[PDB]
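The structure appears below as structure tokens.
Every residue, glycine as well, gets a Cβ built from its backbone with ideal geometry; the counts of neighbours run over all protein chains shown. All of this is worked out from the model, or read from it or from the source named; no laboratory instrument gave them.
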Amino acid sequence: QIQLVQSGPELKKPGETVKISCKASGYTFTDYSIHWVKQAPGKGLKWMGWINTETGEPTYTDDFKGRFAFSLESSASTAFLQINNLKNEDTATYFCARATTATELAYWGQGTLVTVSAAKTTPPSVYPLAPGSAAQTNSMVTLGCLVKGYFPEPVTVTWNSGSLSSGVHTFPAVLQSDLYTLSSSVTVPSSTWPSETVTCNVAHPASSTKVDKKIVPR
Amino acid sequence: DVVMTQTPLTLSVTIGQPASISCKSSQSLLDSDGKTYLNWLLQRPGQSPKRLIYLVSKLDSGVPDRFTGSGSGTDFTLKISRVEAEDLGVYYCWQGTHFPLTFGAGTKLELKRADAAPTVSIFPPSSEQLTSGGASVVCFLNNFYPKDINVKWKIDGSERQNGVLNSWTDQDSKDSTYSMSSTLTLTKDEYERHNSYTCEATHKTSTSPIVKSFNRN
């Protein structure tokens, strides 16, 4: 019933501006403050400040002075966060939250991911990872695919069109440059490969590409 | 600012068993108005934070009563009477007594299981990559427990690398293990200036590292 609904994800270039929204419902908007919280990818939570929804007065922690602006459209029960002169380190999920008399951060929006990057849409290179034909083997063998140099996220990696999943590890993407790289491993019985084909399937929706790489001894 | 210290950083728990995590402040959170503004949030993987506890011990409506908050002044504790799968995630405590509002660093709940040594695999650059003038050497360190691990790259016996890209999985939903990928990326030209490429995994399961190598050939 009490809800805060935030606008969708934004991709911006360094030096640009972004404005994100937080629409409230289920209560009287102007009765409770709205707080903003930043979470950098894989990091913790950091309070940015708040806006008084009666007076409209925003207050920022010193970490968020300068380039950050909280605002309201009270007739639409909406709070906004604008970030000016975007920097790489502004890449983060931003949450809005509403106060209660008992706690400043009582009800939370779902977050809005803001990505700051100068990268252009780039499809991945997909490279096979295989043992040599005459390598010593055991009960299981480990194969893989290197998914290198793409933007934006996400890619989707699958093995044998999803038929192999119990032995799969697909690693989270990491920035190698302004581009992402990830890798995926699959372990299967040695009695299974190379006797049957094993193929990694790498979809990158943003570039309209889907690459299949059959794994052959290498 | 008020420093919120959460311990431990990572708590291993067992489904159906109790758990306890500590949050201590650098100064008393007892407000001059009589209230103690100490709060707990849970953030589940891929999710936004959710309020669990406010005013030290008050449960938010709908929050499972397997959660109990306690403490006073500077020392607080969140207890789970019986851990369930849904409880896994990062817990944050935060204080609203002293502006600015500050958070603890979070404590992560993970599942206890038996120790397991990594299974280590090394892969030379593929012919396809070499054709493009690049050379990535990939090392998988798979299905180990507990989560802490160290990888080292050596080239011709010397601690050294170039572009190393490391990635770690979250706890595996199937076997409760962890895995790591480490990629060393050189130009083909540089790759060809050296012979021996080695990935060394150090893990609490052995005093001796797991060493995987190949000689370019």
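Looking only at region B:175-217, how many residues end up being exposed (fewer than 15 other Cβ atoms within 10 Å of the Cβ), within 23 Å of B:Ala117 (Cβ to Cβ) and among the basic types (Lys, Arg)?
1
Among the residues of region B:47-59, count how many are closer than 13 Å to A:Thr103 by Cα and within 8 Å of chain A (Cβ to nearest Cβ). I'd like the intermediate steps shown before the answer.
Filtering region B:47-59 for residues closer than 13 Å to A:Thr103 by Cα gives B:50-59.
Within this subset, residues satisfying the condition of being within 8 Å of chain A (Cβ to nearest Cβ) are B:50-51, B:54-55, B:58.
Residues in region B:47-59 being closer than 13 Å to A:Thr103 by Cα and within 8 Å of chain A (Cβ to nearest Cβ): 5 in total.
Hey, can you tell me all the residues within region A:202-218 that are touching a residue at least 40 places away in the same chain (Cβ under 8 Å) and touching a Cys at 6+ places or on another chain (Cβ under 9 Å)? Walk me through it before giving the result.
Just the residues of region A:202-218 that are touching a residue at least 40 places away in the same chain (Cβ under 8 Å), to begin with: A:202-207, A:209, A:211, A:213-218.
Those that are touching a residue at least 40 places away in the same chain (Cβ under 8 Å) and touching a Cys at 6+ places or on another chain (Cβ under 9 Å): A:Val202, A:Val211, A:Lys213, A:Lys214, A:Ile215.
Tell me which residues, restricted to region A:88-133, are aliphatic (A, V, I, L, M), more than 8 Å from chain B (Cβ to nearest Cβ) and farther than 17 Å from A:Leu45 by Cα.
A:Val116, A:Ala118, A:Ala119, A:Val126, listed by residue number.
Filter region B:175-205 for residues that are within 11 Å of chain A (Cβ to nearest Cβ) and over 14 Å from B:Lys154 (Cα atoms) and give the result.
Once the filter is applied, which keeps residues that are within 11 Å of chain A (Cβ to nearest Cβ) and over 14 Å from B:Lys154 (Cα atoms), region B:175-205 yields B:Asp175, B:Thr177, B:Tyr178, B:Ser179, B:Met180, B:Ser181.
Within region A:11-24, can you find the residues that are of a type outside the set (A, V, I, L, M, F, W, C) and within 12 Å of A:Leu86 (Cα to Cα)?
Answer for region A:11-24, where residues must be of a type outside the set (A, V, I, L, M, F, W, C) and within 12 Å of A:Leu86 (Cα to Cα): A:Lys12, A:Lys13, A:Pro14, A:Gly15, A:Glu16, A:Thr17, A:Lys19.
Being more than 14 Å from every other protein chain (Cβ to nearest Cβ) and among the aromatic types (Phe, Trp, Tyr) is true for just one of B:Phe76, B:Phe103, B:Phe123, B:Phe99. Which residue is that?
Result: B:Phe76 is the single residue among B:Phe76, B:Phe103, B:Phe123, B:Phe99 that is more than 14 Å from every other protein chain (Cβ to nearest Cβ) and among the aromatic types (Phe, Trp, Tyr).
So which residues in region A:81-90 are crowded, with 18+ Cβ neighbours inside 10 Å and either touching a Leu at 6+ places or on another chain (Cβ under 6 Å) or outside any loop (DSSP other than H, G, I, E, B) (or both), if there are any at all?
If we filter region A:81-90 for residues that are crowded, with 18+ Cβ neighbours inside 10 Å, which is where we start, we get A:81, A:83, A:86, A:90.
Matches in region A:81-90: A:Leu81, A:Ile83, A:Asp90.
For region A:91-119, which positions are without any contact (Cβ under 8 Å) to a residue 40 or more places away in the chain and surrounded by 20 or more Cβ atoms within 10 Å (Cβ to Cβ)?
Within region A:91-119, A:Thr103 is the sole residue that qualifies.
Scan A:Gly15, A:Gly49, A:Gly42, A:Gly8 and give me the residue that is among the small types (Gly, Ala, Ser) and over 18 Å from A:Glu89 (Cβ atoms).
From the options A:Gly15, A:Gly49, A:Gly42, A:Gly8, the qualifying one is A:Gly8.
Taking the condition of being surrounded by 12 or more Cβ atoms within 10 Å (Cβ to Cβ) and assigned to a helix (DSSP H, G or I), how many residues in region A:65-79 meet it?
1
Please tell me if A:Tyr180 is more than 9 Å from chain B (Cβ to nearest Cβ), touching an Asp or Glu at 6+ places or on another chain (Cβ under 7 Å) and touching a residue at least 24 places away in the same chain (Cβ under 8 Å).
Working: more than 9 Å from chain B (Cβ to nearest Cβ): yes; touching an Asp or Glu at 6+ places or on another chain (Cβ under 7 Å): yes; touching a residue at least 24 places away in the same chain (Cβ under 8 Å): yes.
It is true that A:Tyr180 is more than 9 Å from chain B (Cβ to nearest Cβ), touching an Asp or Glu at 6+ places or on another chain (Cβ under 7 Å) and touching a residue at least 24 places away in the same chain (Cβ under 8 Å).
Kindly indicate which of B:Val120, B:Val83 is crowded, with 19+ Cβ neighbours inside 10 Å, outside the structural domain of B:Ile21 (by CATH) and over 18 Å from the mean Cα position of the chain (by Cα).
Every option except B:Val120 fails the conditions.
Give me the residue from region A:187-217 that is over 25 Å from A:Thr122 (Cβ atoms) and β-branched (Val, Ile, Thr) and, out of that set, nearest to the other protein chains (Cβ to nearest Cβ).
Step by step, filter region A:187-217, then rank; the result is A:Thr187.
Let me confirm something: among A:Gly167, A:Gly149, which residue is within 13 Å of chain B (Cβ to nearest Cβ) and either touching a residue at least 60 places away in the same chain (Cβ under 8 Å) or more than 20 Å from B:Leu130 (Cα to Cα) (or both)? It would help to see each step written out before you state the result.
On the way: A:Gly149 fails: either touching a residue at least 60 places away in the same chain (Cβ under 8 Å) or more than 20 Å from B:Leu130 (Cα to Cα) (or both).
So the residue among A:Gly167, A:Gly149 that is within 13 Å of chain B (Cβ to nearest Cβ) and either touching a residue at least 60 places away in the same chain (Cβ under 8 Å) or more than 20 Å from B:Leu130 (Cα to Cα) (or both) is A:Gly167.
B:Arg44: surrounded by fewer than 19 Cβ atoms within 10 Å (Cβ to Cβ), within 14 Å of chain A (Cβ to nearest Cβ) and within 25 Å of B:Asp170 (Cα to Cα), yes or no?
Working: surrounded by fewer than 19 Cβ atoms within 10 Å (Cβ to Cβ): yes; within 14 Å of chain A (Cβ to nearest Cβ): yes; within 25 Å of B:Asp170 (Cα to Cα): yes.
Yes.
What residue, among those in region B:158-174 that are surrounded by 13 or more Cβ atoms within 10 Å (Cβ to Cβ) and outside any strand (DSSP E or B), is farthest from the other protein chains (Cβ to nearest Cβ)?
Selected residue: B:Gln161.
Report whether or not A:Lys38 is within 14 Å of chain B (Cβ to nearest Cβ), charged (D, E, K, R) and part of a loop (DSSP other than H, G, I, E, B).
Answer is no for this residue.
Going residue by residue through region A:56-64, is there one that turns out to be of a type in the set (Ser, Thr, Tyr) and farther than 17 Å from B:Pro100 by Cβ?
No.
Within region A:101-145, work out how many residues are within 30 Å of the chain's Cα centre (by Cα) and in a strand (DSSP E or B).
17
Filter region B:134-157 down to residues that are more than 8 Å from chain A (Cβ to nearest Cβ), aromatic (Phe, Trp, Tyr) and surrounded by 20 or more Cβ atoms within 10 Å (Cβ to Cβ), then give me how many there are.
Total satisfying the criteria: 2.
Kindly evaluate A:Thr78 against the criterion of being farther than 17 Å from A:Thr112 by Cβ and of a type in the set (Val, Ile, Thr).
no
Having 2 or more residues that are within 16 Å of B:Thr102 (Cβ to Cβ), in contact (Cβ under 8 Å) with a residue 40 or more places away in the chain and not aliphatic (A, V, I, L, M) is the bar; report the strands (runs of 3 or more DSSP E) wholly within region B:10-57 that clear it. If you could, list the steps in order and put the result at the bottom.
Numbers: elements: B:10-13, B:19-25, B:38-43, B:50-54.
So the answer is B:19-25, B:38-43.
Looking at (1) within 30 Å of A:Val168 (Cβ to Cβ); (2) more than 11 Å from chain A (Cβ to nearest Cβ); (3) surrounded by fewer than 16 Cβ atoms within 10 Å (Cβ to Cβ), find the lone condition where B:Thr131 falls short.
The failed condition is (2).
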